[PDB]
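K.L.:
One file: input_5.txt (compact mmCIF, C-alpha atoms).
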```txt
# COMPACT_ATOMS: atom_id res chain seq x y z
CA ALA A 12 38.32 8.78 -25.14
CA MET A 13 35.51 9.86 -27.51
CA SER A 14 33.22 11.23 -24.77
CA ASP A 15 33.55 14.95 -25.13
CA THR A 16 33.27 17.48 -22.32
CA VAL A 17 31.07 20.45 -23.21
CA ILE A 18 31.23 23.64 -21.19
CA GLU A 19 28.46 26.18 -21.65
CA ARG A 20 28.85 29.35 -19.67
CA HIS A 21 26.14 31.84 -18.79
CA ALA A 22 26.50 35.15 -17.00
CA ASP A 23 24.52 34.34 -13.86
CA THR A 24 22.17 31.91 -12.19
CA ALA A 25 18.93 33.16 -13.77
CA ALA A 26 20.48 32.99 -17.27
CA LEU A 27 21.88 29.55 -16.45
CA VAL A 28 18.62 28.05 -15.26
CA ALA A 29 16.69 29.41 -18.25
CA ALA A 30 19.30 27.99 -20.66
CA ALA A 31 19.48 24.56 -18.99
CA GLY A 32 15.68 24.30 -19.14
CA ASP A 33 15.67 25.15 -22.85
CA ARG A 34 18.47 22.63 -23.51
CA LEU A 35 16.50 19.92 -21.72
CA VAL A 36 13.37 20.55 -23.78
CA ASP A 37 15.43 20.22 -26.96
CA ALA A 38 17.15 17.06 -25.66
CA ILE A 39 13.86 15.35 -24.79
CA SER A 40 12.44 16.15 -28.24
CA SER A 41 15.54 14.85 -30.01
CA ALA A 42 15.53 11.61 -28.02
CA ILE A 43 11.84 11.11 -28.84
CA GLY A 44 12.47 12.03 -32.49
CA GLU A 45 15.27 9.50 -32.73
CA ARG A 46 14.17 6.60 -30.50
CA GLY A 47 10.45 7.20 -29.83
CA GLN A 48 11.00 7.95 -26.13
CA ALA A 49 13.14 9.84 -23.64
CA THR A 50 14.48 8.84 -20.22
CA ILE A 51 15.53 11.66 -17.86
CA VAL A 52 16.98 11.57 -14.35
CA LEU A 53 16.07 14.57 -12.17
CA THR A 54 18.06 16.20 -9.35
CA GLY A 55 17.24 18.40 -6.33
CA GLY A 56 18.70 21.72 -5.25
CA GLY A 57 18.07 25.27 -6.41
CA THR A 58 19.31 25.18 -10.00
CA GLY A 59 18.01 21.69 -10.64
CA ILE A 60 14.45 22.59 -9.65
CA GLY A 61 14.75 26.02 -11.24
CA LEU A 62 15.44 24.57 -14.71
CA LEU A 63 12.27 22.44 -14.40
CA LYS A 64 10.20 25.62 -14.14
CA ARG A 65 11.58 26.69 -17.51
CA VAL A 66 10.68 23.26 -18.95
CA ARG A 67 7.09 23.77 -17.79
CA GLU A 68 6.90 27.00 -19.81
CA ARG A 69 7.58 24.99 -22.99
CA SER A 70 5.87 21.76 -21.90
CA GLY A 71 3.39 21.92 -24.79
CA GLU A 72 6.20 21.01 -27.21
CA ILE A 73 6.66 17.53 -25.79
CA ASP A 74 4.50 14.37 -25.81
CA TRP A 75 4.87 13.44 -22.16
CA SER A 76 3.43 9.96 -22.64
CA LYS A 77 6.85 9.15 -24.23
CA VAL A 78 8.91 10.51 -21.31
CA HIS A 79 10.21 8.41 -18.40
CA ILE A 80 11.41 10.07 -15.18
CA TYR A 81 13.84 8.87 -12.48
CA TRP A 82 15.73 10.62 -9.66
CA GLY A 83 19.44 10.58 -8.97
CA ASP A 84 18.99 10.89 -5.19
CA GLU A 85 16.32 11.52 -2.61
CA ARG A 86 16.05 12.38 1.07
CA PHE A 87 14.73 9.41 2.99
CA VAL A 88 12.14 11.41 4.96
CA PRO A 89 8.34 11.53 5.07
CA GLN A 90 6.60 11.88 1.66
CA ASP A 91 5.16 15.33 2.37
CA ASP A 92 8.33 16.82 3.90
CA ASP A 93 9.52 19.99 2.16
CA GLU A 94 13.02 18.41 1.93
CA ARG A 95 11.76 15.84 -0.60
CA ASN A 96 13.28 16.19 -4.08
CA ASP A 97 10.30 14.54 -5.76
CA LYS A 98 7.88 16.96 -4.11
CA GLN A 99 9.81 19.99 -5.41
CA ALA A 100 9.95 18.53 -8.94
CA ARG A 101 6.20 17.87 -8.87
CA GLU A 102 5.43 21.46 -7.90
CA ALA A 103 7.91 22.89 -10.40
CA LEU A 104 6.82 20.71 -13.31
CA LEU A 105 5.43 17.22 -12.92
CA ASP A 106 1.99 18.08 -11.51
CA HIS A 107 1.38 20.36 -14.51
CA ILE A 108 2.04 17.97 -17.42
CA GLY A 109 0.11 15.01 -18.80
CA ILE A 110 2.65 12.33 -17.87
CA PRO A 111 1.32 8.90 -16.89
CA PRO A 112 2.21 8.07 -13.27
CA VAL A 113 3.61 4.68 -14.41
CA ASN A 114 6.27 6.71 -16.29
CA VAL A 115 7.44 8.56 -13.13
CA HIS A 116 9.61 6.62 -10.72
CA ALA A 117 10.15 8.40 -7.41
CA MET A 118 12.50 6.86 -4.79
CA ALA A 119 10.71 5.68 -1.62
CA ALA A 120 9.89 7.90 1.38
CA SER A 121 10.42 6.78 5.00
CA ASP A 122 6.67 6.44 5.51
CA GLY A 123 6.30 4.64 2.19
CA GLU A 124 6.23 1.16 0.65
CA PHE A 125 9.27 -0.08 2.60
CA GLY A 126 8.61 1.44 6.01
CA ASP A 127 11.70 2.98 7.62
CA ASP A 128 14.00 0.41 5.98
CA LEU A 129 16.57 2.48 4.11
CA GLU A 130 18.50 -0.50 2.77
CA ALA A 131 15.36 -2.22 1.49
CA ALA A 132 14.22 1.04 -0.13
CA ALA A 133 17.49 1.46 -2.03
CA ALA A 134 17.41 -2.19 -3.13
CA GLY A 135 13.88 -1.68 -4.49
CA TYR A 136 14.99 1.24 -6.61
CA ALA A 137 18.00 -0.79 -7.82
CA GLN A 138 15.66 -3.57 -9.03
CA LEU A 139 13.64 -0.95 -10.89
CA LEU A 140 16.75 0.33 -12.73
CA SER A 141 17.83 -3.17 -13.67
CA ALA A 142 14.76 -3.63 -15.89
CA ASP A 143 15.62 -0.23 -17.55
CA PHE A 144 19.29 -1.10 -18.29
CA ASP A 145 18.24 -4.35 -20.01
CA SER A 146 15.61 -2.91 -22.40
CA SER A 147 17.63 0.24 -23.27
CA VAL A 148 21.34 0.51 -24.16
CA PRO A 149 22.54 2.67 -22.60
CA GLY A 150 20.16 3.43 -19.74
CA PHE A 151 19.32 7.10 -19.46
CA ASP A 152 19.36 9.78 -22.13
CA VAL A 153 20.15 12.60 -19.70
CA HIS A 154 21.11 12.46 -16.00
CA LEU A 155 20.88 15.96 -14.43
CA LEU A 156 23.11 16.73 -11.44
CA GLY A 157 23.76 19.53 -9.00
CA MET A 158 27.23 19.63 -7.45
CA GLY A 159 28.39 20.81 -4.01
CA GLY A 160 31.55 22.82 -3.28
CA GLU A 161 33.28 19.62 -2.14
CA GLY A 162 32.37 17.99 -5.47
CA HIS A 163 29.53 15.75 -4.22
CA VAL A 164 26.81 14.73 -6.73
CA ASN A 165 23.59 12.81 -5.98
CA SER A 166 24.28 11.75 -2.36
CA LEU A 167 27.80 10.53 -3.19
CA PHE A 168 30.19 12.34 -0.83
CA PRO A 169 34.01 12.25 -0.80
CA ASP A 170 35.68 9.10 0.69
CA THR A 171 32.37 7.34 1.30
CA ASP A 172 31.44 3.70 0.64
CA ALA A 173 28.75 5.06 -1.72
CA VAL A 174 31.19 6.83 -4.03
CA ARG A 175 33.45 3.73 -3.90
CA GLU A 176 30.59 1.42 -4.92
CA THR A 177 31.44 -0.34 -8.20
CA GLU A 178 28.61 -2.91 -8.40
CA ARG A 179 25.25 -1.82 -6.94
CA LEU A 180 23.30 0.76 -8.98
CA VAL A 181 21.66 2.32 -5.90
CA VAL A 182 22.62 2.46 -2.22
CA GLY A 183 21.33 3.88 1.02
CA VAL A 184 23.34 6.61 2.73
CA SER A 185 22.60 6.62 6.44
CA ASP A 186 25.19 9.24 7.42
CA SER A 187 25.27 12.24 5.08
CA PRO A 188 27.33 15.12 6.52
CA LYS A 189 24.60 17.44 5.16
CA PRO A 190 21.06 17.17 6.60
CA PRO A 191 18.94 15.20 6.46
CA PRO A 192 21.31 12.27 7.25
CA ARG A 193 19.44 9.53 5.34
CA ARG A 194 19.37 9.47 1.54
CA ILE A 195 18.87 7.03 -1.33
CA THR A 196 21.35 7.56 -4.16
CA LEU A 197 22.36 6.29 -7.59
CA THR A 198 26.02 5.29 -7.65
CA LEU A 199 28.63 6.17 -10.28
CA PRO A 200 28.02 3.02 -12.36
CA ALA A 201 24.36 4.12 -12.76
CA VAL A 202 25.28 7.75 -13.54
CA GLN A 203 27.85 6.50 -16.09
CA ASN A 204 25.23 4.52 -18.08
CA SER A 205 23.68 7.71 -19.41
CA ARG A 206 24.13 9.04 -22.91
CA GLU A 207 24.71 12.43 -21.36
CA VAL A 208 25.37 13.67 -17.86
CA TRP A 209 24.65 17.38 -17.30
CA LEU A 210 25.99 19.20 -14.24
CA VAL A 211 24.25 22.53 -13.73
CA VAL A 212 26.37 24.56 -11.34
CA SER A 213 26.34 28.16 -10.12
CA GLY A 214 28.46 30.26 -7.76
CA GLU A 215 32.01 31.09 -6.69
CA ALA A 216 31.97 28.36 -3.99
CA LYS A 217 31.80 25.69 -6.68
CA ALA A 218 34.69 26.95 -8.83
CA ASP A 219 37.43 24.73 -7.34
CA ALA A 220 35.33 21.57 -7.67
CA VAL A 221 34.31 22.42 -11.24
CA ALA A 222 37.92 22.81 -12.24
CA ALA A 223 39.01 19.64 -10.44
CA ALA A 224 36.19 17.60 -11.96
CA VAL A 225 36.68 18.89 -15.51
CA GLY A 226 40.37 18.23 -15.09
CA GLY A 227 39.80 14.54 -14.25
CA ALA A 228 40.42 14.00 -10.49
CA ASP A 229 39.97 10.73 -8.55
CA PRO A 230 36.18 10.48 -7.98
CA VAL A 231 36.75 9.24 -4.43
CA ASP A 232 38.13 12.75 -3.68
CA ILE A 233 35.81 14.72 -6.00
CA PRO A 234 32.69 12.67 -6.80
CA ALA A 235 31.73 14.89 -9.76
CA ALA A 236 34.88 13.80 -11.59
CA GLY A 237 33.25 10.37 -12.07
CA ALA A 238 29.94 11.83 -13.31
CA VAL A 239 30.63 11.31 -17.00
CA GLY A 240 28.29 10.48 -19.87
CA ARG A 241 28.90 7.85 -22.52
CA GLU A 242 28.45 10.36 -25.37
CA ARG A 243 29.20 13.63 -23.57
CA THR A 244 29.36 15.32 -20.20
CA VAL A 245 27.89 18.84 -20.22
CA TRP A 246 28.85 21.50 -17.70
CA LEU A 247 26.19 24.22 -17.66
CA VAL A 248 27.90 26.79 -15.43
CA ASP A 249 27.71 30.45 -14.57
CA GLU A 250 30.79 32.71 -14.78
CA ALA A 251 31.48 32.45 -11.04
CA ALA A 252 31.47 28.64 -11.07
CA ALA A 253 33.73 28.71 -14.15
CA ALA A 254 36.33 31.06 -12.61
CA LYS A 255 39.08 28.44 -12.08
CA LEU A 256 38.91 26.97 -15.59
```
Would you mind giving the structure from this file in structure tokens?
P.N.:
Amino acid sequence: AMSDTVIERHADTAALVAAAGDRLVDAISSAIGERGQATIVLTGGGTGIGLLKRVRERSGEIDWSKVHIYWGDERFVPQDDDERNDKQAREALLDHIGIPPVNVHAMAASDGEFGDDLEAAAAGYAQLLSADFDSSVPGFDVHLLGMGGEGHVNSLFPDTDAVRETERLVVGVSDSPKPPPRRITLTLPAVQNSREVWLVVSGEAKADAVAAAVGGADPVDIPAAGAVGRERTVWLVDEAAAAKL
């Protein structure tokens, strides 16, 4: 394989989040400088939203009209619920930058376009991605991910039909073991069509999964092991999360 694994360690969470944010600003500018646009997939969770606040601090460096935004997963709950990933991203960053709404592609909410139809909502997002993957090869420039201690990424949990999905780009998860139970999630084939996949991971509880995933486990057991970019996979980790490497 010619897809390299990059591990960048920082001393703690604050240092990690600041560094990941800076890296993302530089990545967006490079993509724009090389191809005239950038396509980024956002994630939820503490570190994933935290790095967006750092991006905001440097937002003036980027022409946001050339940036296209997707999400790797979303809680299928009402639009204004605090559990929404898109809502947190908007407050951290998106509400504060001049990015055209047609460039920002949030997954549906349960009081949204599709009503409470989780399956229909995931299918709608999958049709959206299909247009993407046919204009741009590969699809995304950077897919950001958080990872849980059991190795889950997006809403792909161990042993599930979602992590086993080899065809559909997006599926509904109606039974997440972490609340809330209903999520919309990109599958591994979608994650894998990114130039780079970046997992930003902090804490001692994540150390076993980091080591298993870097070491190349079966993704059905450790979903993060299948979260690999076409050009590189970048682990932005703190020292605690790196302790089993």
K.L.:
Quick one: distance from atom CA of residue A:162 to atom CA of residue A:144 in Å, one decimal?
P.N.:
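Calculated distance between atom CA of residue A:162 and atom CA of residue A:144 is 26.5 Å.
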K.L.:
Leaving out residue A:63 and any residue of its chain fewer than 4 positions from it, which residues lie within 10 Å of it when counting only C-alpha atoms, given as an MDAnalysis selection string?
P.N.:
chainID A and resid 28:29 31:33 35:36 53:54 58:59 67:68 70 99:105
K.L.:
Considering all atoms listed in the file, state which residue in the set A:151, A:75, A:168, A:87 is at the smallest distance from residue A:192.
P.N.:
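Of A:151, A:75, A:168, A:87, the one nearest residue A:192, counting all atoms listed in the file, is A:87.
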K.L.:
Any chance you could work out the axis-aligned box around stretch 157-160 of chain A, listed atoms only, 6 Å on each side, giving centre and edge lengths in Å to one decimal, as JSON?
P.N.:
```
{"center_x": 27.7, "center_y": 21.2, "center_z": -6.1, "size_x": 19.8, "size_y": 15.3, "size_z": 17.7}
```
K.L.:
Would you mind reading off the distance between atom CA of residue A:176 and atom CA of residue A:154, one decimal, in Å?
P.N.:
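Going from atom CA of residue A:176 over to atom CA of residue A:154, I get 18.3 Å.
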K.L.:
Residues at most 8 Å from residue A:21, counting only C-alpha atoms, excluding those fewer than 2 positions away in the same chain, as a ChimeraX atom specification?
P.N.:
/A:19,23-24,26-27,247-250
K.L.:
Please determine, counting all atoms listed in the file, which residue among A:16, A:171, A:50, A:166 has the shortest atom-to-atom distance to residue A:116.
P.N.:
A:50
K.L.:
Can you tell me, as a list in words, what residues are no more than 7 Å from stretch 155-160 of chain A when counting only C-alpha atoms, ignoring any on the same chain fewer than 2 positions away?
P.N.:
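In the requested form, the answer reads residues 52, 53, 54, 56, 59, 153, 162, 163, 164, 165, 208, 209, 210, 211, 212, 216, 217, 220 and 235 of chain A.
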K.L.:
With only C-alpha atoms as the basis for distance, which of A:213, A:90, A:177, A:187 is at the shortest distance from residue A:61?
P.N.:
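Residue with the minimum atom-to-atom distance to residue A:61: A:213.
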K.L.:
Go through A:69, A:204, A:82, A:244 and flag the residue nearest residue A:148, using all atoms listed in the file for the distances.
P.N.:
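The closest residue to residue A:148 is A:204.
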K.L.:
So how many Å separate atom CA of residue A:167 and atom CA of residue A:197, to one decimal?
P.N.:
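For atom CA of residue A:167 relative to atom CA of residue A:197, the distance reads 8.2 Å.
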